[PDB]
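Below is one structure, written out as structure tokens, with a few remarks after it.
All values below were derived from every heavy atom in this structure, side-chain atoms included, with hydrogens, water molecules and symmetry-related copies excluded. One is the number of the first residue; the rest follow in order along the sequence.
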Amino acid sequence: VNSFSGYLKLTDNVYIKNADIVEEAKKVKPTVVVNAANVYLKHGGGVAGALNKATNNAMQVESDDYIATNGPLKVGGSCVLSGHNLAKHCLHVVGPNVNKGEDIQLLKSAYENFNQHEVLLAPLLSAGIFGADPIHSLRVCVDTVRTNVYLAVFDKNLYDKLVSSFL
Ligand SMILES: CC(C)n1nnnc1SCc1c(C(=O)O)sc2cccc(F)c12
């Protein structure tokens, strides 16, 4: 039993809710919140901008030190950093950005990072301003992630579309 409330069950291990991931994280304080990051950990917009704003820019400060030490992530890769006021940890995961011309085939590799954590609160990778087909991303999620994932979908019309089209 965990404290995630109001989620629709898609599969044995994947759940979904129309919710602001910042507000869900503040309420639940999950062990892991997933950020939809880029390789430079520049948290400008979308999920990343929203999470970073909620941390008062502390996520960005920490991220800049990470990059200065380690260099950029790979598309499809991840790193674990602090969750600040939102979660114990933030798993920064880089899905492909179609609006940068990046290979959507890397989406499965991106979701594989979730399997290193027993329970996660996450957005749909590569959706929104990353430009991928969200129905496809949800399919890749359910077919790749084996650990317990709680998906928070910000856009109400998107949530409705995803539920109504899910196989
Ligand atoms: C958190 C919330 C307040 N917020 N604010 N600004 N953007 C958002 S989330 C829009 C969105 C998704 C969704 O609608 O769930 S998944 C997804 C994946 C990558 C980038 C995204 F932008 C995005």
Side-chain angles (χ1 to χ4, degrees), residues 1-38 43 45-55 59 75-78 80-99 102 104-167:
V1 177
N2 59 50
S3 66
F4 290 99
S5 174
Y7 287 74
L8 179 147
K9 185 171 177 62
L10 293 168
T11 67
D12 173 65
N13 60 304
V14 183
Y15 293 81
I16 194 162
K17 186 181 173 183
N18 188 187
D20 181 329
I21 195 170
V22 167
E23 294 304 309
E24 278 293 282
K26 286 194 284 189
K27 183 72 160 185
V28 172
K29 305 225 192 317
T31 306
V32 179
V33 66
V34 174
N35 182 30
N38 58 48
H43 307 306
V47 172
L51 292 170
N52 177 54
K53 176 180 180 181
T55 76
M59 177 179 286
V75 177
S78 72
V80 178
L81 291 172
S82 178
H84 300 276
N85 51 313
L86 304 180
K88 189 169 189 286
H89 306 286
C90 179
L91 181 68
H92 295 272
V93 179
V94 184
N97 187 324
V98 178
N99 299 323
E102 294 169 354
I104 193 52
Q105 297 302 314
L106 291 167
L107 186 55
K108 187 173 184 74
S109 297
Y111 275 116
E112 287 172 341
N113 294 284
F114 288 26
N115 289 322
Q116 299 295 317
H117 303 276
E118 287 194 349
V119 179
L120 314 89
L121 171 62
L124 258 194
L125 296 180
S126 297
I129 66 172
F130 279 63
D133 173 1
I135 297 177
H136 172 65
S137 181
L138 180 55
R139 188 76 261 162
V140 178
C141 180
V142 159
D143 294 341
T144 304
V145 182
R146 298 178 300 283
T147 54
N148 289 327
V149 58
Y150 292 84
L151 294 168
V153 179
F154 179 61
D155 187 291
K156 174 186 178 296
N157 289 329
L158 177 58
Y159 175 82
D160 291 344
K161 176 194 225 297
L162 289 169
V163 169
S164 293
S165 61
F166 182 78
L167 178 53

[X] to [Y] - nearest heavy-atom pair and separation:
X	Y	result
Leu138	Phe166	CD2-CD1, 3.8 Å
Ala36	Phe130	O-CZ, 3.7 Å
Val22	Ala54	CG1-CB, 3.6 Å
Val34	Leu51	O-CD1, 4.0 Å
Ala152	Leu121	CB-CD1, 4.2 Å
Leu151	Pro123	CD2-O, 3.8 Å

Among side-chain atoms of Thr144 and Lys108, is any donor-acceptor pair under 3.5 angstrom? yes
[atom1]-[atom2] distance between [X] and [Y], expressed to the nearest 0.5 angstrom:
X	Y	atom1	atom2	result
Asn38	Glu102	CG	CD	9.0 Å
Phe114	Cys141	CZ	SG	6.0 Å
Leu162	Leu124	CG	CG	6.0 Å
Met59	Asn85	CE	CG	8.5 Å
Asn115	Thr147	CG	OG1	4.5 Å

Would you say [X] and [Y] make side-chain contact, with heavy atoms under 4.5 Å?
X	Y	answer
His117	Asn148	no
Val142	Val149	no
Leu120	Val33	no

For residues 9-23, which residue pairs qualify under salt bridge (charged side-chain N to carboxylate O under 4.0 Å, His left out), counting only residues two or more places apart or in two chains?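 Applying salt bridge (charged side-chain N to carboxylate O under 4.0 Å, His left out) to every pair that reaches into residues 9-23, excluding sequence neighbours, yields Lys17-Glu24, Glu23-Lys26.
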Partners of [X] by salt bridge (charged side-chain N to carboxylate O under 4.0 Å, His left out), sequence neighbours excluded?
X	value
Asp160	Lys156
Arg139	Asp143
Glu112	none

Keeping the roles fixed (side chain from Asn113, backbone from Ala110), state whether a donor-acceptor pair exists under 3.5 Å. yes
Donor-acceptor pair, distance only, cut-off 3.5 Å: does the side chain of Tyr111 make one with the backbone of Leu125?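 Confirmed, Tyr111 side chain pairs with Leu125 backbone.
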Considering only distance and modelled atom types, tabulate donor-acceptor pairs under 3.5 Å from the side chains of residues 89-99, sequence neighbours left out.
unit_1 : atom_1 : unit_2 : atom_2 : d
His92  : ND1    : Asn35  : ND2    : 3.0
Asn97  : OD1    : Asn99  : N      : 2.8
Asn97  : OD1    : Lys100 : N      : 3.3
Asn99  : ND2    : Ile129 : O      : 3.0

Mind running side-chain contact (heavy atoms from CB on, under 4.5 Å) on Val119 and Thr31 for me, showing each step along the way? CA-CA 7 Å; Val119 179; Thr31 306; over 6 Å; no
Using side-chain contact (heavy atoms from CB on, under 4.5 Å), reason through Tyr15 and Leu8 one step at a time and then give a plain yes or no. CA-CA 5 Å; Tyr15 293 81; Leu8 179 147; over 6 Å; no
Taking only residues two or more places apart in sequence or in another chain, which ones pass ring-ring contact (aromatic ring centres under 6.0 Å, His included) with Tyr7? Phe4, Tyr150
Would you please test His136 and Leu107 for side-chain contact (heavy atoms from CB on, under 4.5 Å) and show each step? CA-CA 10 Å; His136 172 65; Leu107 186 55; 4.0 Å; yes
Should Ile135 and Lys161 be marked as a side-chain contact (heavy atoms from CB on, under 4.5 Å) after you check the CA-CA gap, both sets of side-chain angles, and the distance that decides it? CA-CA 8 Å; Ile135 297 177; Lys161 176 194 225 297; 3.6 Å; yes
